[PDB]
Each structure stands twice: as structure tokens, then as C-alpha cells.
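S.K.: Before anything else, here's the structure in question.
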There are 2 protein chains.
Amino acid sequence: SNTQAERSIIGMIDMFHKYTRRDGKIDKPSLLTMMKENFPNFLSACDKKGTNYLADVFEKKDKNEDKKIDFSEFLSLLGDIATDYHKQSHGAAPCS
Amino acid sequence: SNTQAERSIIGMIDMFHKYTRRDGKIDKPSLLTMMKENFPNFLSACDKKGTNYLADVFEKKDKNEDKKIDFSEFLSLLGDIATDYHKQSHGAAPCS
Ligand SMILES: [Ca+2]
Ligand SMILES: [Ca+2]
Ligand SMILES: [Cl-]
Ligand SMILES: [Cl-]
Ligand SMILES: [Zn+2]
Ligand SMILES: [Zn+2]
């Protein structure tokens, strides 16, 4: 029986696999769809602050500039999102 | 209403906060406890392969050698765990 933490991690792999193309990477329109579908409250908190997270997320996370997001770059994105939530838990405003 | 993905991320912050000391970092015995409590099936799969993940995890993840695991180093650990699960989902053996 997996724990909540283990299920969470497995769920992130399964989420990545909803959006990959045949080359095992996520293209730009698919990454935006993934964000809208899985992080809509995160995105809404950004909006309220005047920030359109989807304007630049692909360009910021496509570190090797191959116009795809691979699993390592996907993990980096999740780490950015987690870092925002962590800042919020310390009293920061969202999407700072 | 948060989504499953957003709840997962928030859950990782709350998990980090179960184990921090006053300086907002996780010390070595606490990190091992966190692993045993939250990733026991992950650890058991390692064992079966002949790998004791807890022998070196602290030393591998304490990148700045301050004898604490801060949030950024905690995210790196989660990314290692996710990368293992991702490899498994592609047919690799666990804890490779
Ligand atoms: Ca890329
Ligand atoms: Ca450290
Ligand atoms: Cl893939
Ligand atoms: Cl903290
Ligand atoms: Zn994959
Ligand atoms: Zn904290």
C-alpha cells in the first residue's frame, strides 16, 4: 500500500505522461493545457497579482532551448510551483 | 477547490514542515525518519536490490555541506525519487 507521499510522486509521473508526445517530451501548447488543467488555482492567484504565468513559463523552463519540456525540466517547473507554495506558507503573497 | 496536483504540492510543503527544526531545515536523523515514514515502499524496493538508500542520502543531498537539508535540497531529493519512479514507468528496475 503506497503512502500519500509515494502516491503523490507517482501521480506526477502519470500527469507528465498525459501530455508527452512520442519523443517523451511536452510541447508548448500541451504544457499550457497541463497548467490550466492541473494548476488552475495557482494560475488564478497569479492573475489576481497581475502575473500571467503562461506568457513565459515555456521559455523559462525550456533550459536547453530544444522547444520541448523534458522530464527534468518538468521537475524544475514543479519545484518552482512548490517554492511559491512554500513562500505562501511563510506569509508571502501568492505568485511572488 | 484545489486539484489533485495542487493538493500534492501543498502536501509536500506540509510534509517538509513536519520535520524542520527552528532554522527551517531538516537535520540528519529527521530526514531519515521522514524517509522511513513517507517512502517506505520506495526504500523496500531499494533494499531488495541490495541498496540502503539511507546510508548516503543525507550526504548526497546536503549540497552546501551545512549539515542541514534546506527546502531546495529537499526538492532535489523529491526529484531523485520522482526520477526513479519515472524510470520504473519505462520498464527500468526500481532503485536503479
Ligand atoms: Ca527542453
Ligand atoms: Ca544543506
Ligand atoms: Cl516520457
Ligand atoms: Cl521552513
Ligand atoms: Zn516517461
Ligand atoms: Zn518552511
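Going by the C-alpha cells order, chains are called A, B, ..., each with residues numbered from 1, while ligands are numbered from 1 in the order shown.
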Taking only C-alpha atoms and all ligand atoms into account, which residues have an atom no farther than 6 Å from ligand 1? I'd like them as a PyMOL selection string.
M.R.: chain A and resi 62-70
S.K.: Kindly export the residues of the current selection with N, CA and C atoms, as a PDB file, in the first residue's frame.
M.R.:
ATOM      1  N   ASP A  62      12.260  25.817 -20.663  1.00  0.00           N
ATOM      2  CA  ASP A  62      12.956  25.100 -21.752  1.00  0.00           C
ATOM      3  C   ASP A  62      14.457  25.441 -21.728  1.00  0.00           C
ATOM      4  N   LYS A  63      15.141  24.920 -20.726  1.00  0.00           N
ATOM      5  CA  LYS A  63      16.517  25.332 -20.399  1.00  0.00           C
ATOM      6  C   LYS A  63      17.495  25.083 -21.556  1.00  0.00           C
ATOM      7  N   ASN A  64      17.337  23.941 -22.217  1.00  0.00           N
ATOM      8  CA  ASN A  64      18.217  23.623 -23.334  1.00  0.00           C
ATOM      9  C   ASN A  64      17.730  24.128 -24.704  1.00  0.00           C
ATOM     10  N   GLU A  65      16.616  24.882 -24.732  1.00  0.00           N
ATOM     11  CA  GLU A  65      16.124  25.543 -25.944  1.00  0.00           C
ATOM     12  C   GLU A  65      15.920  24.595 -27.122  1.00  0.00           C
ATOM     13  N   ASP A  66      15.436  23.390 -26.817  1.00  0.00           N
ATOM     14  CA  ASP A  66      15.006  22.467 -27.863  1.00  0.00           C
ATOM     15  C   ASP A  66      13.523  22.482 -28.182  1.00  0.00           C
ATOM     16  N   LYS A  67      12.796  23.451 -27.622  1.00  0.00           N
ATOM     17  CA  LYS A  67      11.391  23.679 -27.902  1.00  0.00           C
ATOM     18  C   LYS A  67      10.549  22.499 -27.431  1.00  0.00           C
ATOM     19  N   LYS A  68      11.048  21.823 -26.398  1.00  0.00           N
ATOM     20  CA  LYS A  68      10.307  20.757 -25.746  1.00  0.00           C
ATOM     21  C   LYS A  68      10.583  20.865 -24.237  1.00  0.00           C
ATOM     22  N   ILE A  69       9.662  20.343 -23.414  1.00  0.00           N
ATOM     23  CA  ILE A  69       9.958  20.254 -21.971  1.00  0.00           C
ATOM     24  C   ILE A  69      10.165  18.776 -21.626  1.00  0.00           C
ATOM     25  N   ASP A  70      11.388  18.418 -21.259  1.00  0.00           N
ATOM     26  CA  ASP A  70      11.648  17.032 -20.885  1.00  0.00           C
ATOM     27  C   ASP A  70      11.416  16.836 -19.399  1.00  0.00           C
TER      28      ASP A  70
END
S.K.: Counting only C-alpha atoms, a student should be able to say which residues of chain B come within 7 Å of chain A; what is the right answer, written as a PyMOL selection string?
M.R.: chain B and resi 2-3+5-6+8-10+13+38-39+41+75+79+82+85-86
S.K.: Would you save the residues of that selection, restricted to N, CA, C and O atoms, as a short mmCIF file (atom, residue, chain, number, x, y, z; two decimals), in the first residue's frame?
M.R.:
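And here's selection_39.cif as it stands now:
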data_model
loop_
_atom_site.label_atom_id
_atom_site.label_comp_id
_atom_site.auth_asym_id
_atom_site.auth_seq_id
_atom_site.Cartn_x
_atom_site.Cartn_y
_atom_site.Cartn_z
N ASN B 2 -8.91 22.95 -4.52
CA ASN B 2 -7.64 22.56 -5.16
C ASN B 2 -7.75 21.26 -5.94
O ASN B 2 -8.44 20.31 -5.54
N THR B 3 -6.98 21.15 -7.01
CA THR B 3 -6.89 19.93 -7.75
C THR B 3 -5.96 18.93 -7.06
O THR B 3 -5.25 19.30 -6.12
N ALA B 5 -3.25 17.75 -8.27
CA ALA B 5 -1.86 18.20 -8.39
C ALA B 5 -1.51 19.28 -7.39
O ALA B 5 -0.42 19.26 -6.81
N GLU B 6 -2.42 20.24 -7.18
CA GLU B 6 -2.16 21.32 -6.24
C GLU B 6 -2.13 20.77 -4.82
O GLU B 6 -1.24 21.15 -4.06
N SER B 8 -1.21 17.81 -4.00
CA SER B 8 0.05 17.08 -3.89
C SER B 8 1.20 18.01 -3.53
O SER B 8 2.08 17.66 -2.70
N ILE B 9 1.26 19.14 -4.23
CA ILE B 9 2.33 20.06 -3.94
C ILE B 9 2.22 20.62 -2.54
O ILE B 9 3.22 20.62 -1.79
N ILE B 10 1.04 21.06 -2.16
CA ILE B 10 0.82 21.56 -0.78
C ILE B 10 1.17 20.51 0.25
O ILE B 10 1.84 20.81 1.25
N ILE B 13 4.90 20.48 1.03
CA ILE B 13 5.31 21.59 1.94
C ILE B 13 4.92 21.19 3.36
O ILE B 13 5.72 21.38 4.28
N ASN B 38 7.52 8.24 5.12
CA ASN B 38 6.80 8.65 3.91
C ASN B 38 7.14 7.90 2.62
O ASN B 38 6.35 7.88 1.66
N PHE B 39 8.29 7.22 2.61
CA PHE B 39 8.71 6.48 1.41
C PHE B 39 9.14 5.07 1.79
O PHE B 39 10.14 4.54 1.26
N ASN B 41 7.83 2.12 0.88
CA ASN B 41 7.84 1.16 -0.21
C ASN B 41 8.93 1.45 -1.20
O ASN B 41 9.54 0.56 -1.75
N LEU B 75 13.67 19.56 -2.26
CA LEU B 75 13.07 19.43 -3.59
C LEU B 75 13.97 18.54 -4.45
O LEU B 75 13.45 17.74 -5.24
N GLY B 79 12.98 15.17 -6.39
CA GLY B 79 13.23 14.98 -7.83
C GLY B 79 13.97 13.69 -8.10
O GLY B 79 13.64 12.98 -9.07
N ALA B 82 11.28 10.97 -7.76
CA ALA B 82 10.42 11.02 -8.95
C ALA B 82 11.12 10.47 -10.18
O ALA B 82 10.49 9.78 -10.98
N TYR B 85 10.95 6.69 -10.01
CA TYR B 85 9.63 6.24 -10.40
C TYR B 85 9.42 6.43 -11.90
O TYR B 85 8.75 5.63 -12.56
N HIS B 86 9.96 7.50 -12.46
CA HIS B 86 9.78 7.70 -13.88
C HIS B 86 10.52 6.61 -14.65
O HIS B 86 9.98 6.06 -15.63
#
S.K.: Leaving out residue 52 in chain B and any residue of its chain fewer than 5 positions from it, which residues lie within 9 Å of it when counting only C-alpha atoms, given as a ChimeraX atom specification?
M.R.: /B:43,46-47
S.K.: So which residues touch residue 93 in chain A within 9 Å, counting only C-alpha atoms, skipping near sequence neighbours fewer than 4 positions away, as an NGL selection string?
M.R.: :A and (49 or 84 or 87-88)
S.K.: Take the selection from the previous step and output its residues with C-alpha atoms, as a JSON list (two decimals), in the first residue's frame.
M.R.:
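The resulting file, again_4.json, is shown below:
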[["chain", "number", "residue", "atom", "x", "y", "z"],
["A", 49, "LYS", "CA", -1.45, 39.62, -8.66],
["A", 84, "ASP", "CA", 5.79, 29.52, -4.39],
["A", 87, "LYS", "CA", 6.76, 31.02, 0.39],
["A", 88, "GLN", "CA", 2.98, 31.40, 0.88]]
S.K.: Please produce chain B as a short mmCIF file (atom, residue, chain, number, x, y, z; two decimals) with N, CA and C atoms, in the first residue's frame once it has been superposed on chain A, the fit using all Cα atoms paired in sequence order.
M.R.:
data_model
loop_
_atom_site.label_atom_id
_atom_site.label_comp_id
_atom_site.auth_asym_id
_atom_site.auth_seq_id
_atom_site.Cartn_x
_atom_site.Cartn_y
_atom_site.Cartn_z
N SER B 1 0.84 -1.23 0.00
CA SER B 1 0.00 0.00 0.00
C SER B 1 0.87 1.27 0.00
N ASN B 2 0.88 1.99 -1.12
CA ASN B 2 1.67 3.23 -1.15
C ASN B 2 1.16 4.27 -0.16
N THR B 3 2.07 5.08 0.36
CA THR B 3 1.71 6.19 1.18
C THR B 3 1.24 7.38 0.34
N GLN B 4 0.69 8.38 1.02
CA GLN B 4 0.28 9.61 0.36
C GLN B 4 1.44 10.24 -0.40
N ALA B 5 2.62 10.26 0.22
CA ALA B 5 3.76 10.85 -0.48
C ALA B 5 4.15 10.08 -1.72
N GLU B 6 4.15 8.74 -1.64
CA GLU B 6 4.52 7.92 -2.78
C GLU B 6 3.45 8.05 -3.86
N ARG B 7 2.17 8.07 -3.49
CA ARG B 7 1.09 8.24 -4.47
C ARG B 7 1.27 9.61 -5.15
N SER B 8 1.63 10.63 -4.39
CA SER B 8 1.82 11.96 -4.97
C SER B 8 2.89 11.95 -6.05
N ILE B 9 4.01 11.31 -5.73
CA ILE B 9 5.07 11.27 -6.72
C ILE B 9 4.66 10.49 -7.95
N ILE B 10 4.07 9.32 -7.76
CA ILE B 10 3.57 8.53 -8.91
C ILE B 10 2.56 9.30 -9.72
N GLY B 11 1.75 10.10 -9.04
CA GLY B 11 0.75 10.90 -9.74
C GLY B 11 1.42 11.93 -10.64
N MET B 12 2.57 12.47 -10.24
CA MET B 12 3.28 13.45 -11.09
C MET B 12 3.85 12.83 -12.36
N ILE B 13 4.26 11.58 -12.26
CA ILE B 13 4.74 10.84 -13.46
C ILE B 13 3.54 10.57 -14.36
N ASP B 14 2.42 10.16 -13.78
CA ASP B 14 1.27 9.86 -14.61
C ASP B 14 0.77 11.16 -15.26
N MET B 15 0.84 12.29 -14.53
CA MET B 15 0.44 13.57 -15.13
C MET B 15 1.34 13.95 -16.31
N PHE B 16 2.65 13.83 -16.13
CA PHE B 16 3.61 14.08 -17.22
C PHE B 16 3.21 13.24 -18.45
N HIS B 17 2.88 11.98 -18.20
CA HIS B 17 2.56 11.10 -19.33
C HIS B 17 1.21 11.39 -20.00
N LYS B 18 0.33 12.19 -19.41
CA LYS B 18 -0.92 12.61 -20.09
C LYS B 18 -0.59 13.56 -21.24
N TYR B 19 0.56 14.25 -21.14
CA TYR B 19 0.85 15.40 -22.04
C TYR B 19 2.05 15.27 -22.99
N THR B 20 2.87 14.23 -22.82
CA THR B 20 4.03 13.96 -23.68
C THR B 20 3.59 13.62 -25.13
N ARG B 21 4.47 13.96 -26.06
CA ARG B 21 4.39 13.41 -27.41
C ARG B 21 5.22 12.14 -27.52
N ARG B 22 5.27 11.54 -28.72
CA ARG B 22 6.07 10.32 -28.90
C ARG B 22 7.52 10.36 -28.47
N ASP B 23 8.14 11.55 -28.48
CA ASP B 23 9.52 11.70 -28.06
C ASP B 23 9.67 11.84 -26.55
N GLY B 24 8.58 11.63 -25.81
CA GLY B 24 8.66 11.59 -24.35
C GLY B 24 8.88 12.98 -23.78
N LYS B 25 8.48 13.98 -24.55
CA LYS B 25 8.57 15.39 -24.09
C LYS B 25 7.30 16.15 -24.32
N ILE B 26 7.11 17.27 -23.61
CA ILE B 26 5.90 18.02 -23.68
C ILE B 26 6.12 19.27 -24.54
N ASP B 27 5.31 19.44 -25.57
CA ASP B 27 5.44 20.64 -26.39
C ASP B 27 4.73 21.85 -25.79
N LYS B 28 4.88 23.01 -26.41
CA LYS B 28 4.41 24.19 -25.75
C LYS B 28 2.89 24.30 -25.48
N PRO B 29 2.03 24.00 -26.49
CA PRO B 29 0.61 24.08 -26.25
C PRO B 29 0.16 23.05 -25.20
N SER B 30 0.81 21.89 -25.23
CA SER B 30 0.47 20.83 -24.22
C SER B 30 0.89 21.25 -22.83
N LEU B 31 2.03 21.90 -22.72
CA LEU B 31 2.41 22.37 -21.35
C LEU B 31 1.39 23.38 -20.81
N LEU B 32 0.96 24.34 -21.65
CA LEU B 32 -0.06 25.28 -21.20
C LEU B 32 -1.39 24.63 -20.78
N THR B 33 -1.83 23.64 -21.57
CA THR B 33 -3.00 22.86 -21.23
C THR B 33 -2.82 22.13 -19.90
N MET B 34 -1.64 21.54 -19.72
CA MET B 34 -1.35 20.86 -18.47
C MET B 34 -1.48 21.82 -17.29
N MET B 35 -0.94 23.03 -17.45
CA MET B 35 -1.04 24.00 -16.36
C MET B 35 -2.49 24.40 -16.06
N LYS B 36 -3.26 24.71 -17.11
CA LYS B 36 -4.64 25.13 -16.94
C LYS B 36 -5.49 24.04 -16.29
N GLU B 37 -5.16 22.80 -16.60
CA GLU B 37 -5.96 21.66 -16.14
C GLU B 37 -5.57 21.23 -14.75
N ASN B 38 -4.28 21.37 -14.42
CA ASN B 38 -3.80 20.85 -13.13
C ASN B 38 -3.44 21.89 -12.08
N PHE B 39 -3.22 23.14 -12.51
CA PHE B 39 -2.86 24.21 -11.57
C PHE B 39 -3.72 25.44 -11.81
N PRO B 40 -5.02 25.22 -11.91
CA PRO B 40 -5.84 26.41 -12.16
C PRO B 40 -5.94 27.40 -11.01
N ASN B 41 -5.91 26.94 -9.76
CA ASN B 41 -5.98 27.88 -8.65
C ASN B 41 -4.66 28.58 -8.45
N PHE B 42 -3.57 27.87 -8.73
CA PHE B 42 -2.29 28.52 -8.76
C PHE B 42 -2.25 29.65 -9.80
N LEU B 43 -2.72 29.36 -11.00
CA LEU B 43 -2.75 30.34 -12.07
C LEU B 43 -3.68 31.52 -11.72
N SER B 44 -4.79 31.24 -11.05
CA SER B 44 -5.77 32.30 -10.71
C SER B 44 -5.19 33.24 -9.67
N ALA B 45 -4.41 32.70 -8.74
CA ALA B 45 -3.74 33.55 -7.76
C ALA B 45 -2.69 34.45 -8.39
N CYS B 46 -1.96 33.91 -9.38
CA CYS B 46 -1.05 34.71 -10.20
C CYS B 46 -1.79 35.86 -10.87
N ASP B 47 -2.86 35.53 -11.59
CA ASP B 47 -3.66 36.54 -12.30
C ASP B 47 -4.03 37.70 -11.37
N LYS B 48 -4.63 37.37 -10.23
CA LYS B 48 -5.03 38.40 -9.29
C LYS B 48 -3.88 39.34 -8.94
N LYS B 49 -2.66 38.82 -8.92
CA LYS B 49 -1.45 39.62 -8.66
C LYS B 49 -0.99 40.41 -9.89
N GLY B 50 -1.67 40.21 -11.02
CA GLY B 50 -1.26 40.84 -12.28
C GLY B 50 -0.21 40.09 -13.09
N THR B 51 -0.05 38.79 -12.81
CA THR B 51 1.00 37.98 -13.45
C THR B 51 0.34 36.92 -14.34
N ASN B 52 0.71 36.88 -15.62
CA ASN B 52 0.22 35.80 -16.50
C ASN B 52 1.33 34.77 -16.55
N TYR B 53 1.24 33.75 -15.70
CA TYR B 53 2.27 32.74 -15.60
C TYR B 53 2.55 32.01 -16.91
N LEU B 54 1.54 31.87 -17.76
CA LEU B 54 1.64 31.10 -19.01
C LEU B 54 2.33 31.88 -20.17
N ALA B 55 2.49 33.18 -19.98
CA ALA B 55 3.15 34.00 -21.00
C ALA B 55 4.59 33.54 -21.24
N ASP B 56 5.30 33.19 -20.15
CA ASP B 56 6.74 32.92 -20.26
C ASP B 56 7.15 31.56 -19.71
N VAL B 57 6.20 30.81 -19.11
CA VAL B 57 6.63 29.57 -18.44
C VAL B 57 7.41 28.64 -19.37
N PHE B 58 6.95 28.47 -20.61
CA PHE B 58 7.68 27.60 -21.53
C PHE B 58 9.11 28.02 -21.84
N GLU B 59 9.27 29.33 -22.09
CA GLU B 59 10.57 29.87 -22.38
C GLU B 59 11.47 29.85 -21.16
N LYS B 60 10.89 30.01 -19.95
CA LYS B 60 11.72 29.95 -18.77
C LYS B 60 12.16 28.54 -18.42
N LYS B 61 11.31 27.56 -18.73
CA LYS B 61 11.63 26.21 -18.35
C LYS B 61 12.30 25.36 -19.41
N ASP B 62 12.26 25.82 -20.66
CA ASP B 62 12.96 25.10 -21.75
C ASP B 62 14.46 25.44 -21.73
N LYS B 63 15.14 24.92 -20.73
CA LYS B 63 16.52 25.33 -20.40
C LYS B 63 17.50 25.08 -21.56
N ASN B 64 17.34 23.94 -22.22
CA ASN B 64 18.22 23.62 -23.33
C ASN B 64 17.73 24.13 -24.70
N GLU B 65 16.62 24.88 -24.73
CA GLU B 65 16.12 25.54 -25.94
C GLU B 65 15.92 24.60 -27.12
N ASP B 66 15.44 23.39 -26.82
CA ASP B 66 15.01 22.47 -27.86
C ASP B 66 13.52 22.48 -28.18
N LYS B 67 12.80 23.45 -27.62
CA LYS B 67 11.39 23.68 -27.90
C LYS B 67 10.55 22.50 -27.43
N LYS B 68 11.05 21.82 -26.40
CA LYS B 68 10.31 20.76 -25.75
C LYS B 68 10.58 20.87 -24.24
N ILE B 69 9.66 20.34 -23.41
CA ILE B 69 9.96 20.25 -21.97
C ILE B 69 10.17 18.78 -21.63
N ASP B 70 11.39 18.42 -21.26
CA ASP B 70 11.65 17.03 -20.89
C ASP B 70 11.42 16.84 -19.40
N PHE B 71 11.58 15.60 -18.93
CA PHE B 71 11.14 15.30 -17.57
C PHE B 71 11.91 16.13 -16.56
N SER B 72 13.20 16.33 -16.78
CA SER B 72 14.00 17.13 -15.86
C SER B 72 13.52 18.57 -15.78
N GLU B 73 13.11 19.11 -16.91
CA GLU B 73 12.59 20.49 -16.95
C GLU B 73 11.21 20.59 -16.32
N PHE B 74 10.40 19.52 -16.50
CA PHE B 74 9.12 19.38 -15.81
C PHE B 74 9.28 19.37 -14.28
N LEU B 75 10.29 18.63 -13.80
CA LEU B 75 10.56 18.62 -12.36
C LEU B 75 10.92 20.03 -11.91
N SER B 76 11.74 20.74 -12.70
CA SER B 76 12.11 22.13 -12.34
C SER B 76 10.88 23.02 -12.21
N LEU B 77 9.93 22.86 -13.14
CA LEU B 77 8.67 23.60 -13.07
C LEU B 77 7.94 23.25 -11.77
N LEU B 78 7.79 21.96 -11.48
CA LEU B 78 7.11 21.59 -10.22
C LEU B 78 7.83 22.21 -9.02
N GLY B 79 9.17 22.26 -9.08
CA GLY B 79 9.92 22.87 -7.96
C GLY B 79 9.64 24.36 -7.84
N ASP B 80 9.45 25.05 -8.96
CA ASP B 80 9.06 26.47 -8.89
C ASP B 80 7.69 26.65 -8.24
N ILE B 81 6.74 25.81 -8.65
CA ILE B 81 5.39 25.86 -8.08
C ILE B 81 5.45 25.57 -6.57
N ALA B 82 6.19 24.53 -6.18
CA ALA B 82 6.34 24.18 -4.76
C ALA B 82 7.00 25.30 -3.97
N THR B 83 7.96 25.97 -4.59
CA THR B 83 8.67 27.05 -3.91
C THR B 83 7.69 28.21 -3.66
N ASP B 84 6.83 28.51 -4.61
CA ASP B 84 5.79 29.52 -4.39
C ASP B 84 4.85 29.15 -3.23
N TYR B 85 4.37 27.91 -3.23
CA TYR B 85 3.53 27.47 -2.13
C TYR B 85 4.30 27.51 -0.82
N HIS B 86 5.58 27.20 -0.85
CA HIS B 86 6.34 27.24 0.38
C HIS B 86 6.44 28.67 0.88
N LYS B 87 6.72 29.61 -0.02
CA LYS B 87 6.76 31.02 0.39
C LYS B 87 5.44 31.47 0.97
N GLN B 88 4.33 31.05 0.37
CA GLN B 88 2.98 31.40 0.88
C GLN B 88 2.84 30.89 2.29
N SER B 89 3.30 29.66 2.53
CA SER B 89 3.13 29.09 3.88
C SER B 89 3.92 29.87 4.97
N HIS B 90 4.79 30.78 4.53
CA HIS B 90 5.62 31.61 5.41
C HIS B 90 5.10 33.04 5.42
N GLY B 91 3.90 33.22 4.88
CA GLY B 91 3.24 34.52 4.87
C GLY B 91 3.43 35.39 3.63
N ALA B 92 4.24 34.94 2.67
CA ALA B 92 4.38 35.69 1.41
C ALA B 92 3.08 35.72 0.62
N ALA B 93 2.93 36.72 -0.24
CA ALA B 93 1.76 36.72 -1.11
C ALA B 93 1.97 35.65 -2.19
N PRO B 94 0.87 35.10 -2.75
CA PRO B 94 1.00 34.08 -3.78
C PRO B 94 1.69 34.66 -5.00
N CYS B 95 2.35 33.78 -5.75
CA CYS B 95 2.89 34.13 -7.05
C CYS B 95 3.88 35.29 -6.94
N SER B 96 4.53 35.40 -5.78
CA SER B 96 5.68 36.28 -5.61
C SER B 96 6.93 35.58 -6.13
#
S.K.: Going by DSSP on the backbone, which bits of range 10-96 of chain A are helix (DSSP H, G or I)? Write them as a PyMOL selection string, please.
M.R.: chain A and resi 10-19+28-38+40-48+53-55+57-61+71-88
